[PDB]
Structures are given as structure tokens and as C-alpha cells.
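Colleague: Submitted below is the structure of interest, expressed as C-alpha cells.
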Amino acid sequence: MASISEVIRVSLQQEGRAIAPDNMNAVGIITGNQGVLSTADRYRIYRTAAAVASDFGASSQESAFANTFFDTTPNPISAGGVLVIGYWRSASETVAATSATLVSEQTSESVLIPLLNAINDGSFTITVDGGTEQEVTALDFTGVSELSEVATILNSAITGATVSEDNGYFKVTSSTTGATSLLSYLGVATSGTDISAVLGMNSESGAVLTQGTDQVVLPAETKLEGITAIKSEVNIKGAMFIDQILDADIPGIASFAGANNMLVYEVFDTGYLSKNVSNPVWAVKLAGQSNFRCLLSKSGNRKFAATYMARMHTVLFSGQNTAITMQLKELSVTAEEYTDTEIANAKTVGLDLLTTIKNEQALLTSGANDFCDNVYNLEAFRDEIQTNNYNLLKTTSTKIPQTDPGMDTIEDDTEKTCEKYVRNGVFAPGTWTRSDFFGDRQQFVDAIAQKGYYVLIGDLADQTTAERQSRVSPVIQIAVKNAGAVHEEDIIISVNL
Amino acid sequence: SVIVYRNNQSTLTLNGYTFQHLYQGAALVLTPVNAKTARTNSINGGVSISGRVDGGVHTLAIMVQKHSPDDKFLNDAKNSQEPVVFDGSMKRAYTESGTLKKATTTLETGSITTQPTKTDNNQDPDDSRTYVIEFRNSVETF
Amino acid sequence: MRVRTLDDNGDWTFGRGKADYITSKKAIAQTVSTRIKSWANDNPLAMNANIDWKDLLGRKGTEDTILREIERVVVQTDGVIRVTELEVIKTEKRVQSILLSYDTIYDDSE
Amino acid sequence: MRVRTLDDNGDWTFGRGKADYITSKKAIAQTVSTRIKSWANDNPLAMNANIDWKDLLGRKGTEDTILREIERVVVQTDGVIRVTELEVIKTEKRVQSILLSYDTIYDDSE
Amino acid sequence: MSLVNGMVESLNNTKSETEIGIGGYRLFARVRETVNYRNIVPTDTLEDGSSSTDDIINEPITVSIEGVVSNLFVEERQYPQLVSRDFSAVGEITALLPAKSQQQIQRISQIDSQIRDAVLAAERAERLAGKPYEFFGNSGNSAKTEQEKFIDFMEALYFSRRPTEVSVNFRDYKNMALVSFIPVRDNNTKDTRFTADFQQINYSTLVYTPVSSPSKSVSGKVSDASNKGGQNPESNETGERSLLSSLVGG
């Protein structure tokens with residue numbers, strides 16, 4: 001039965017496109033439940049509700065938050081973005097004892113097999129549990145068509161351990177758990193053509209050899225500042241916590257939001273609609289923590305943050321004027337009912353509201369703290385100038401010489417980025433209202449008023465010789481003016497009685 | 001850069017016959033006849049950039065000696081009963097920063113368009129023939 | 001044209017029939033004043049009731065279209081003739097206040 | 001539109017009448033999935049059944065026309081609206097795998 | 001008729017900033033752009049000298065747009081075209097409908113799932129009536145170059161035989177019908193130079209309608225009694241089903 005299938009196959013997409021959080025819209029939800037994300041598995045990346053469910057179950061609140069996330073119609077994955085679930089140790093994680101592992105090099109299966117099929121005899125030296133050195137002197141790899149088969153061969157060869165293949169990796173795990181070192185990286189044997197080096201298991205090769213950890217280990221109970229562990233692994237650009245951040249810890253994370261060039265969204269209930277110092281949200285507003293976005297939900301409905309996050313990080317920063325404001329945009333959560341006094345207080349404190357008008361959502365966002373628009377857009381701009389300068393220092397085969405033409409290169413690239421983000425709707429030309437500048441004030445103000453951005457790079461001869469042999473480029477000063485978006489309208493009728 | 005040629009005028013080959021006799025002066029002039037990409041401006045402000053299909057068609061102008069075998073070859077091509085197709089290349093050997101290098105300009109699907117203007121002068125003779133071939137596609141590379 | 005007057009805060013008025021009705025030149029004033037306030041896809045009985053706000057205050061770069069649509073609503077009102085309207089503050093925080101002036105069909109009797 | 005479901009390997013299903021039928025949004029999925037697989041001059045009852053494979057995988061330089069014909073088949077399907085498809089690998093040995101994404105008439109109810 | 005109507009419905013088409021193109025396909029360049037307001041003024045000297053005016057019959061505006069489409073168009077400054085909302089259930093008014101049992105409800109659910117598959121396409125079409133581009137949609141396939149997209153969209157609009165909305169600067173006319181579409185391809189430029197004449201389909205309401213444009217949820221509800229012609233059911237063959245066995249007795 002020679003099927004049609006061997007000239008065409010038509011199946012369903014299986015892996016979630018396996019992308020990585022590169023763009024700005026790589027948003028996170030931090031759980032604290034040690035169901036599947038334990039330490040050293042601090043994050044998982046998703047682009048659909050169902051996968052989050054299958055790893056989390058439609059019952060666990062984490063899948064619920066994913067459901068209210070992806071349900072926002074212009075959700076992040078529609079503009080080059082991902083969702084990522086983090087994990088902060090809420091209470092006394094118990095990491096089960098592992099067994100020693102040995103992950104081999106990334107082998108393409110198009111080169112490993114042709115090299116293997118010529119190797120008649122086998123040759124391994126492996127050690128498990130530090131036992132007697134084991135030498136494998138016969139592995140008739142001739143009859144092999146895929147890495148699963150060489151995996152089976154190695155499984156039959158290495159006594160005391162199991163061999164598996166997984167996404168082109170060769171994992172080798174000893175049976176015993178706890179102080180179970182696989183001392184060998186598949187060293188050279190006394191006879192037989194060496195398979196070790198070609199596999200990638202070799203010690204000189206880039207093979208991870210995580211030794212069997214000691215028996216069951218207790219990490220202590222961390223603080224919400226454990227978000228740092230997520231941030232130092234994922235390049236999240238917007239995060240939430242399933243569990244509400246305690247008051248005493250809000251400033252810290254708030255500072256964190258600024259210091260890591262990211263956003264953190266956190267919701268508070270009705271009791272925080274004051275402007276006293278003790279009220280943490282106003283403490284954030286006074287501290288200037290513009291990256292710690294505060295949201296308001298009368299019921300306490302935490303999910304309001306996720307959808308809000310899922311509504312913000314949704315702008316493809318490459319088309320024209322794709323920079324969006326926030327107010328009056330459809331979310332994935334039922335609005336709540338607020339009085340006029342409390343909604344005014346929320347406006348004047350910094351919180352944000354998804355309030356009913358008539359069965360119809362109305363998102364009203366504050367400007368007490370800087371508008372989520374402005375903070376998010378400025379973060380995108382810093383990220384994009386960083387990316388463009390990095391791509392310039394990466395692209396060229398030469399070294400980008402420390403000459404004035406080189407600085408003109410770098411300044412032109414920065415100006416190209418600025419022009420993109422003016423075409424992008426974020427910054428628009430206007431009369432620079434602040435009272436500080438970089439160079440010629442006339443030059444500066446004219447450039448802002450006509451192009452919207454200014455990029456001045458100091459010349460080489462204006463830096464110390466300590467900063468000249470440090471191979472560091474001069475200070476690049478760029479100034480921008482936010483576009484003048486509108487949120488309300490106070491139409492005044494001119495009375496003629 | 002520092003560019004030192006050899007054999008001042010580039011070596012021209014057509015139909016497996018390499019021009020060993022070029023006039024002094026503008027021996028070879030490869031003029032592209034049409035603009036590469038034509039563009040149009042919209043009312044709103046955008047621009048529509050579009051490559052010309054004529055983007056490659058070049059005219060190679062050749063100044064051969066008034067009766068040297070190169071003139072005989074080009075004249076025989078001119079006098080053929082049916083237009084003859086030329087498919088050759090201009091190769092120039094040169095050194096950059098002291099490294100030997102070659103620049104190749106392949107000429108594809110040409111025919112003699114503008115015939116030479118034959119002049120025999122007394123006071124100051126002009127013993128040149130300028131054959132202008134119009135290759136469909138000329139690609140330089142190096 | 002008659003129309004029921006609204007009190008200061010803009011709630012309805014019942015009682016004093018034929019007397020809670022605005023007569024003219026003020027009926028036009030009230031009717032323009034709250035024609036501006038009629039979001040478009042609100043009324044199932046008039047889904048293009050007036051200008052679309054949820055799709056104009058929720059998108060960047062609509063000030064010109066806000067103004068054009070306000071002129072559209074005002075001019076297409078039974079009783080007005082001309083308009084004279086522009087923006088007076090520049091989003092003093094982020095709220096812009098526009099000034100709208102129109103010549104009713106009255107005050108043209110010379 | 002109903003259509004009999006096919007099991008994993010794609011053979012037919014009998015029994016459970018009115019229940020082996022795919023309801024919707026998956027009926028479109030199945031019907032596109034095996035409209036792609038319908039060689040043209042196969043069916044004597046529809047000789048232009050779908051795109052012609054024996055004359056497109058047997059000739060050099062048809063990738064663009066493979067893609068255009070796949071878009072033709074998919075778009076001309078009862079239940080689809082748009083497509084978004086391109087080639088993801090580059091004949092990893094000599095087999096190229098293309099990625100085809102289409103928006104059914106469902107999931108547009110807002 | 002009235003002089004007042006002039007300004008009133010002259011502003012009735014306001015151009016949004018997003019600048020819909022030939023219906024959402026703005027990915028070309030407008031080399032030229034004209035509109036033709038015409039009028040029929042009856043010629044001979046009008047009869048009375050007192051009141052025999054009201055004799056300037058109006059005309060269907062035509063809009064001519066000639067432009068060029070290239071493989072690579074870079075648009076200068078225009079806001080994204082966002083998908084219009086499905087505001088169909090704005091007045092949807094249930095809860096007066098009867099109480100009926102389960103799997104009497106769910107039987108209705110299956111019927112609804114059964115004919116939504118056959119109606120929802122045209123429902124979306126009418127929802128997106130003016131603008132065909134986001135109905136047909138971005139082509140989405142990497143094989144088809146940009147001129148592919150322009151030609152197949154234009155053919156879809158032309159075979160669609162549905163009026164589209166066309167924007168000349170300062171106006172987004174609401175019901176333009178594609179009258180003539182001539183794309184030309186010189187042999188000295190790979191682009192396509194196309195001239196498209198549209199003609200407005202202006203149509204007013206003869207009959208008393210209190211509601212201008214209601215939701216789909218009340219559009220039939222406020223409809224006046226529609227009229228269909230007669231027909232002779234006794235003389236039909238295409239459905240001459242016999243009498244149900246449950247009726248012959250009764």
C-alpha cells in the first residue's frame with residue numbers, strides 16, 4: 001500500500017512554534033504554586049490557552065489567568081509576543097532527589113547518522129556511581145536511520161543507566177538518585193573507533209554533566225523579590241503576581257520595575273482609594289515608580305491585571321502610529337461598578353478602572369502616575385535603541401573604529417531608530433517644554449520642534465584616556481517628546497443666551 | 001582604496017573572440033540606458049518603488065582601430081544577413097591593497113545598434129570605429 | 001421645535017407639562033449640547049445616532065476627526081446655521097477642552 | 001456543514017450515525033485538510049477536483065504555484081475567510097514543509 | 001430642493017484619519033484623483049417668473065482614481081486599519097422568550113449551530129458591507145507578491161458586485177460601485193498603473209421610517225410590513241410532497 005501520503009502529507013501543527021521572548025511583548029504571570037514549575041524550571045512559555053491548561057489544568061487559577069489573558073481580542077501573541085508563567089517560592093519547595101544526567105551536544109540528525117553508519121565497532125568509556133570504569137567495544141551502528149535508534153543502542157550498552165534521545169539531545173541518566181556522579185563524559189576507550197567525540201558526549205565537547213544532586217534538598221521560602229530569578233532568566237517585559245503583593249513589599253518591587261526596564265501590574269481593592277502616605281499606591285506615585293502600574297478592582301478580581309497586561313503589550317512597534325493609548329479598550333473581564341467620588345479619587349491617585357457605562361466596558365486610566373502609555377512606550381524605546389546599537393556592533397566584520405566617522409555611524413543608527421519611533425507614533429515633533437538640553441540649545445530645540453528627536457554624540461577628544469582604552473563609545477544623548485494623545489473632551493459651548 | 005590596474009583597458013570578450021585591438025581613449029563605454037528603479041509619489045505621501053524591467057540593458061560602446069582584426073570582426077557582425085547575438089564579458093585584472101583581484105562584467109544578449117560613423121580626415125585623421133552593442137543584461141561582480 | 005427642559009445636572013423633568021418644554025434658541029442649545037453626547041453604537045434604535053466615541057477617544061490621532069465629527073453633528077441639527085470651533089487648551093493633563101460656537105437660526109432677523 | 005469524522009489515520013467511520021459527524025469549525029478543518037490532498041485528474045466525476053499534483057511535484061520550479069494553488073483551494077472552501085501561509089523548512093532533505101494558517105468563519109463573533 | 005439640505009448632507013461623509021483606500025487597499029500610490037459632480041439643468045427658459053424654480057436634478061457622483069501598484073510600497077504616515085466591531089447584540093433582547101425544557105433548548109442549540117454555518121458568512125459580509133478589504137483580508141501568503149495582492153483584491157471587489165467605500169482626500173464616500181478598472185503594464189516598469197472609476201450609489205428613503213439604522217437585533221423588528229408578489233401554490237412541482245400520513249386520516 002503505497003499511500004498518497006509519501007508524496008504529500010497534511011497534518012496539524014504540533015509544537016507551539018517554539019519561539020523565544022525576544023520582542024517587547026513577552027509578558028509574564030508569576031505563580032507561587034509548585035505544581036509543575038519548580039526551581040530550575042522557573043518559567044514556561046506559551047502562545048495558547050490550551051497548552052497552559054495541559055501543563056496547568058483548567059482548574060488551577062494559573063490556567064484561569066491564562067484564559068482571561070488570551071481572551072483579550074488584541075492579545076499579545078497577535079503582535080509578536082508570548083505569555084510566560086514564572087514561579088516564586090511561596091512556601092518550602094521540596095526538590096525531589098534527582099539522578100545524574102549527561103546532556104549531549106545538539107546533533108542535527110543529518111550529520112550524526114552519516115558519520116555513524118560507517119563506524120562498525122563501538123567504543124565507550126563511561127562511569128556510573130563512580131563504579132568500575134565501563135568500556136563498550138562493540139556498537140554496530142551501521143543499521144541506524146534516526147537518533148532514536150542510536151539512543152536505543154546506547155541504552156543497551158551503558159549498564160547502570162538509561163539512555164534517551166530528546167530533540168536532538170542525548171540524555172543519559174543513572175538509575176540511582178543522590179550522589180550518583182556520571183564521572184565520565186564518554187572518554188576514549190582502549191579500542192574501537194571512538195563514538196564519544198562525534199556524539200557530543202565528550203568532555204571537551206559542550207556536554208552538560210549536571211551531577212546527581214544530593215538527596216532531597218529543601219530550598220527555603222523566598223520573598224516576592226524572587227521575581228528577580230524570573231527576570232534574570234526570561235527577559236519578561238511585563239509581569240503580574242497571582243497572589244497580591246503585600247503592602248510592605250510594594251516599594252521594593254516598584255523600584256525593581258524601574259531598575260530592570262520592565263513593567264509590573266498590580267491590582268488593589270477599594271480600601272486604597274486615598275492619597276495618604278500610608279496608602280502604598282500613592283507611595284509609589286510619590287516615589288516616581290512609573291513602571292509599577294497600579295490597577296483598581298472593587299471586587300478584588302486579580303485577573304483584571306492580566307487582561308490589562310494582555311491589552312497593553314500588544315503593539316507591533318514597526319508599523320505607523322501603532323502606539324496605542326489605553327482608555328476605552330475592550331478587556332476580558334467583567335467591569336465593576338464605582339461611585340463618582342471613588343472614580344475621581346482613582347483618577348487623582350494613579351489607579352486604573354474598568355468601569356461599566358451600560359453593560360459596556362469603559363477603561364479609564366490615570367495620569368497621576370505617568371500614563372501606562374508613556375511608561376510602556378519609553379521602555380520600548382530604550383529597548384529598541386539598545387537592540388539597534390547592539391545589532392550595529394554585531395553586524396560589521398570590522399570593529400567600528402573609534403574615529404569620528406564611527407561616531408557618525410553610531411549616531412546615524414540611533415537617529416534611524418528615533419525616526420522609526422516617530423513614524424511609530426510614540427514621539428512626535430513639538431516645542432521642547434523642559435528646561436534642559438545637551439548641546440546648542442538652539443540646535444536642540446530646533447531639532448525637537450522639526451524632527452521630534454535629537455541625537456548628539458560627544459566627540460572622542462572629550463573623554464578621558466581611561467575611557468578611551470576601555471573601548472567604550474562616548475556618551476550618546478538622545479531626547480524625545482511624547483506624542484500628544486487625548487483621553488477626554490471638555491467641549492465648551494460658547495453661550496449667546 | 002589603493003587600486004592599481006594592469007592592461008589599462010579592460011579585456012573584452014565576445015563570442016569567444018577577445019578584443020586585442022582597442023583605440024586610444026574611450027575604448028569601452030558601458031552606459032546603462034534606463035533608470036534602475038522607477039518610483040511614484042502618492043497623494044497621501046507614500047512612494048511606490050518598482051524595479052524597471054529595463055534595469056539591466058546596457059550599451060557597450062567599442063572603439064576599435066580603423067582596420068585592425070577587431071574592426072574586421074565587428075564589421076563582419078554588422079554585415080551579417082541576420083543580426084548576430086553577442087554574449088561576452090569585460091574582465092579587468094587589478095590589485096586592491098596589494099592583493100590581486102579580478103572584476104568581471106558579463107554582457108548578455110547584445111546586438112549592434114548604432115553603427116560606426118566612418119570618417120577619413122586629412123588635417124587630423126580619426127582612425128576609429130565605434131560600434132555600440134546593446135546587451136540585454138550586464139552584471140558586474142567582484 | 002419644543003423639547004423637554006433638563007435641569008442643571010441634566011436629569012429629566014416631569015410635571016408642568018407644556019411648561020417644562022424649551023421654546024426655541026435654547027431648544028437648539030439643549031439639542032446640540034446633548035447631540036454631541038450621543039455615542040454612536042449605543043442606541044439599538046439609532047446605531048449611527050451621533051459620533052462614535054468609543055472608537056475616537058480610544059485611538060491615537062483623532063483630534064482632527066473629533067473636530068470634523070463635532071462639526072458634522074452640530075451642523076446637521078435642526079436650527080443651527082454655522083459653527084466656529086477649535087481647541088482652547090492642549091490636554092491640560094491629558095483632557096483637551098474644545099470651544100464650540102454656533103449661530104442658531106435665530107439672531108438673524110436684523 | 002456536517003461531514004463524517006475521520007479517525008487518526010484518516011480512514012472512514014461508520015456507526016454512531018449523526019455522531020460521527022463533525023459539527024463545525026472542525027468540519028472546515030477536516031474539509032480543508034483533505035481538499036489539499038485531492039489530486040486533480042483523479043476523480044472521473046471531478047477531473048478538476050483540486051490542485052494537480054502529478055504535474056506540480058514532478059516539475060522543477062513550481063513552489064510559487066504550489067503555494068498559489070493551495071491558497072486557491074483553501075480560500076475556495078465553504079467556511080474559511082483568510083489564509084496566512086508560507087514555507088517553514090527548505091527541503092530538509094528534499095521535502096519542503098509549508099505552514100498553512102487560515103481563519104475559519106468562526107472565531108469572528110467578538 | 002431645500003438650500004438647507006446642502007451643507008447638512010454635504011458633511012455627511014467625513015473622512016476618518018485611517019484613510020481607507022479603494023476599500024481598505026491603500027498599498028498603492030494615487031497618481032491622480034478626481035470626482036465628477038454633475039447636474040441636469042433643464043435647458044429652456046423656465047416658465048413662470050415668480051416660483052417655477054426647483055429644477056436642478058442631481059446626479060450620481062463619480063470618483064476616478066488612477067495610481068500605481070508596486071511590489072514594495074512604503075506608506076508615509078497613516079494609522080492602522082482596525083477591524084470593525086461586531087455590534088450585533090447591542091439591542092439583543094431575550095428573556096421574554098418562552099421557558100422550554102432542556103434538549104428542547106439544546107435542540108434549538110443544534111439548529112443554531114447548524115444554520116450559523118450557512119448564514120454567518122453573509123452576516124459578516126453585511127457587517128463589513130462598505131469595506132471589502134478586511135472582508136477578503138490581507139492575502140497572508142508569502143508566495144504572492146504585492147501585485148498579486150492588488151490584482152486579486154481588485155478582481156474580488158469587481159466580481160463581488162457589491163458597492164465599496166472609496167476615499168478621496170477629505171471625503172470617504174460610502175457606497176461607491178466599481179465602474180471601470182483598467183490596470184496597465186508598460187514594458188519599461190514592473191509596476192501596474194491602474195485607473196478605477198467608481199460611481200456613487202445614492203439612495204434615499206421613500207417610506208416613513210422612525211429609526212434610521214438600527215441594530216441587527218431590531219432591524220427586522222422595526223421593519224414595516226414587506227410585500228411579496230402572488231403565486232399559485234397549487235401549481236408547483238419542485239416540492240409537491242404528498243400529504244403527510246398524519247393528515248389523511250387526521
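Every chain in the C-alpha cells takes a letter, A first, then B, and so on in the order presented; its residues are numbered from 1, and the ligands are numbered from 1 following the presented order.
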Quick one: which segment 187-232 of chain E residues come within 12 Å of segment 33-43 of chain E, and what is the nearest atom pair for each with the distance in Å to one decimal, counting only C-alpha atoms, rows ordered by chain and ascending number, as CSV?
Modeller:
residue,atom,partner,partner_atom,distance
E:194,CA,E:33,CA,11.7
E:195,CA,E:33,CA,9.5
E:196,CA,E:33,CA,9.7
E:197,CA,E:34,CA,9.2
E:198,CA,E:35,CA,9.3
E:199,CA,E:36,CA,9.4
E:200,CA,E:35,CA,10.4
Colleague: Could the residues in this selection be saved with N, CA, C and O atoms as a short mmCIF file (atom, residue, chain, number, x, y, z; two decimals), in the first residue's frame?
Modeller:
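Generated file (again_33.cif):
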data_model
loop_
_atom_site.label_atom_id
_atom_site.label_comp_id
_atom_site.auth_asym_id
_atom_site.auth_seq_id
_atom_site.Cartn_x
_atom_site.Cartn_y
_atom_site.Cartn_z
N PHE E 194 -3.01 51.69 -12.76
CA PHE E 194 -4.41 51.32 -12.80
C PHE E 194 -5.30 52.54 -12.66
O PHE E 194 -5.06 53.40 -11.81
N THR E 195 -6.34 52.59 -13.47
CA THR E 195 -7.35 53.64 -13.40
C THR E 195 -8.67 52.99 -13.00
O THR E 195 -9.13 52.06 -13.67
N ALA E 196 -9.29 53.49 -11.94
CA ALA E 196 -10.53 52.93 -11.43
C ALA E 196 -11.54 54.05 -11.28
O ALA E 196 -11.34 54.97 -10.48
N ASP E 197 -12.62 53.98 -12.04
CA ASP E 197 -13.75 54.88 -11.91
C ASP E 197 -14.82 54.18 -11.08
O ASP E 197 -15.22 53.05 -11.41
N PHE E 198 -15.26 54.83 -10.01
CA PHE E 198 -16.37 54.39 -9.18
C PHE E 198 -17.52 55.36 -9.37
O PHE E 198 -17.32 56.51 -9.76
N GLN E 199 -18.72 54.89 -9.09
CA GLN E 199 -19.90 55.73 -9.16
C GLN E 199 -20.73 55.52 -7.92
O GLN E 199 -21.03 54.38 -7.56
N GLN E 200 -21.10 56.61 -7.26
CA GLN E 200 -21.84 56.50 -6.02
C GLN E 200 -23.21 55.91 -6.26
O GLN E 200 -23.87 56.19 -7.26
#
Colleague: Counting only C-alpha atoms, a student should be able to say which residues of chain A come within 6 Å of chain C; what is the right answer, written as a VMD selection string?
Modeller: chain A and resid 327 to 328 485 to 494
Colleague: Run DSSP on the backbone and grab whatever in chain C lands in strand (DSSP E); send it over as a list in words.
Modeller: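 DSSP-assigned strand (DSSP E) residues in chain C: residues 3, 4, 21, 22, 80, 81, 82, 83, 86, 87, 98, 99, 100, 102, 103 and 104 of chain C.
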Colleague: Quick one: residues within 10 Å of segment 7-12 of chain D, only C-alpha atoms counted, chain neighbours fewer than 4 positions away excluded, as a list in words?
Modeller: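 Returned residues: residues 20, 30 and 34 of chain D.
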Colleague: I'd like the neighbourhood of residue 243 of chain A as a count of residues only, where a residue qualifies if any of its atoms comes within 12 Å (using only C-alpha atoms), though same-chain residues fewer than 6 positions away should be ignored.
Modeller: 21
Colleague: Would you kindly report the residues of chain D within 7 Å of chain E, using only C-alpha atoms, as a list in words?
Modeller: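 Result, ordered by chain then number: residues 1, 64, 67, 68, 81, 82, 83, 84, 85, 86, 105, 109 and 110 of chain D.
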Colleague: Could you give me, as CSV, every chain B residue with an atom at most 12 Å from chain E, plus its closest atom pair and distance in Å to one decimal, counting only C-alpha atoms, rows ordered by chain then number?
Modeller:
residue,atom,partner,partner_atom,distance
B:33,CA,E:188,CA,11.6
B:34,CA,E:188,CA,8.7
B:35,CA,E:188,CA,9.6
B:36,CA,E:189,CA,9.5
B:37,CA,E:189,CA,8.1
B:38,CA,E:189,CA,6.8
B:39,CA,E:70,CA,8.7
B:40,CA,E:29,CA,6.9
B:41,CA,E:29,CA,6.2
B:42,CA,E:29,CA,4.2
B:43,CA,E:30,CA,5.6
B:44,CA,E:76,CA,7.5
B:45,CA,E:76,CA,5.4
B:46,CA,E:75,CA,4.2
B:47,CA,E:74,CA,5.8
B:48,CA,E:73,CA,4.5
B:49,CA,E:72,CA,5.7
B:50,CA,E:70,CA,5.3
B:51,CA,E:190,CA,6.0
B:52,CA,E:189,CA,4.3
B:53,CA,E:188,CA,5.6
B:54,CA,E:188,CA,5.8
B:55,CA,E:188,CA,8.6
B:56,CA,E:188,CA,11.3
B:57,CA,E:188,CA,11.0
Colleague: Among chain B, which residues carry a DSSP assignment of alpha helix (DSSP H), reported as a ChimeraX atom specification?
Modeller: /B:69-78
Colleague: Report as a list in words the set of chain A residues whose atoms approach chain E to within 8 Å, with distances computed over only C-alpha atoms.
Modeller: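 Written out as asked, the residues are residues 319, 320, 321, 322 and 423 of chain A.
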Colleague: Using only C-alpha atoms, which protein or nucleic acid residues come within 9 Å of residue 15 of chain B? Drop anything in the same chain fewer than 5 positions from it, and give the result as a PDB file with N, CA and C atoms, in the first residue's frame.
Modeller:
ATOM      1  N   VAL B  85      24.009  37.742 -32.248  1.00  0.00           N
ATOM      2  CA  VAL B  85      23.872  37.952 -30.818  1.00  0.00           C
ATOM      3  C   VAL B  85      25.236  37.821 -30.170  1.00  0.00           C
ATOM      4  N   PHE B  86      25.618  38.825 -29.398  1.00  0.00           N
ATOM      5  CA  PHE B  86      26.869  38.807 -28.665  1.00  0.00           C
ATOM      6  C   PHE B  86      26.602  38.435 -27.219  1.00  0.00           C
ATOM      7  N   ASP B  87      27.485  37.624 -26.654  1.00  0.00           N
ATOM      8  CA  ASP B  87      27.348  37.221 -25.258  1.00  0.00           C
ATOM      9  C   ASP B  87      28.761  37.049 -24.710  1.00  0.00           C
ATOM     10  N   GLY B  88      29.266  38.090 -24.071  1.00  0.00           N
ATOM     11  CA  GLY B  88      30.649  38.056 -23.653  1.00  0.00           C
ATOM     12  C   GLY B  88      30.872  38.580 -22.257  1.00  0.00           C
TER      13      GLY B  88
END
